[PDB]
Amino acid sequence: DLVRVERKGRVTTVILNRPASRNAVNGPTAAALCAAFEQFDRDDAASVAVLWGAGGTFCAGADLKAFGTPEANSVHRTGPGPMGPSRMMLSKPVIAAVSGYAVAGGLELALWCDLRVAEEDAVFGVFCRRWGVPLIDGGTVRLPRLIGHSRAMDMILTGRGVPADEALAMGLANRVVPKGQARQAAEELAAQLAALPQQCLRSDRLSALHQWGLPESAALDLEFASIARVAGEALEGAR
């Protein structure tokens, strides 16, 4: 069907499965992506998710051929974003395992992930620039935060394909692995993260995400709450 979910211990892999359309995401696919990540989020046995496109490419963005059919992307001010989970701030991390193209709304999904493991011949890019479809799944918010305003404006204005090696030098890809290996390497990294003390990891991440836009004083006070949140685990740390 459209999205598959697989689990191995505390790692959940969410798989986009529309290879005939280069994993473009239409309305029902966006809903299945949301359902999958909502379930991951409430599942206390799952610690880390991996997002992966089956078929050799990650995600080509919104399914243009579905424009004005009943399968079109949902576009509303509240509820899920058009690409599915792009507005959610999950309680636990997601690693993107990027093969082939992560472009347009597919780039937005990769940016919504906490880390990106890219294959050597992967390409990241704002390819919706060529066809006049806007970034409305957070790309204009997240890209500049991730890699700095200058590099981000370069990608956003030109729409150019950034290859994996350049993405690694920009900090857009966090790891670059051989062709075919992103899923496995993402899943290995995920399992490593799952084996660390979880409350503290989780609270640190959400502090990193929430600090953007905040003044330092407030961001420091948000962060400080971690010690009360994880106090159980931090006790077991001093030991």
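Residue positions are given as counts along the sequence shown, with the first one as 1.
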Fill in the blank from the handout: Once average C-alpha B-factors are taken from the entry for 96-104 and 81-89, the winner is 81-89
Practice task
Return whichever of 63-71 and 195-203 has the greater mean Cα B factor according to the PDB record.
Solution key: 63-71
Exercise for the section: Choose from 145, 130, 116, 151 the residue with the greatest Cα B-factor as stated in the PDB record. Expected result: 130
Exercise for the section: Ordered by C-alpha B-factor within the chain, which third holds residue 29? Give me lowest, middle or highest, please. Expected result: middle
Exercise for the section: Tell me, lowest, middle or highest third: where does the Cα B factor of residue 231 rank within its chain? Expected result: highest
Exercise for the section: Would you check the entry's CA temperature factor for residue 222 and let me know if it's in the chain's lowest, middle or highest third? Expected result: middle
Completion exercise
On the chain's distribution of Cα B-factors, residue 183 falls within the third called lowest
Handout entry: residue 42 - Cα temperature factor, lowest/middle/highest third of chain
Key = highest
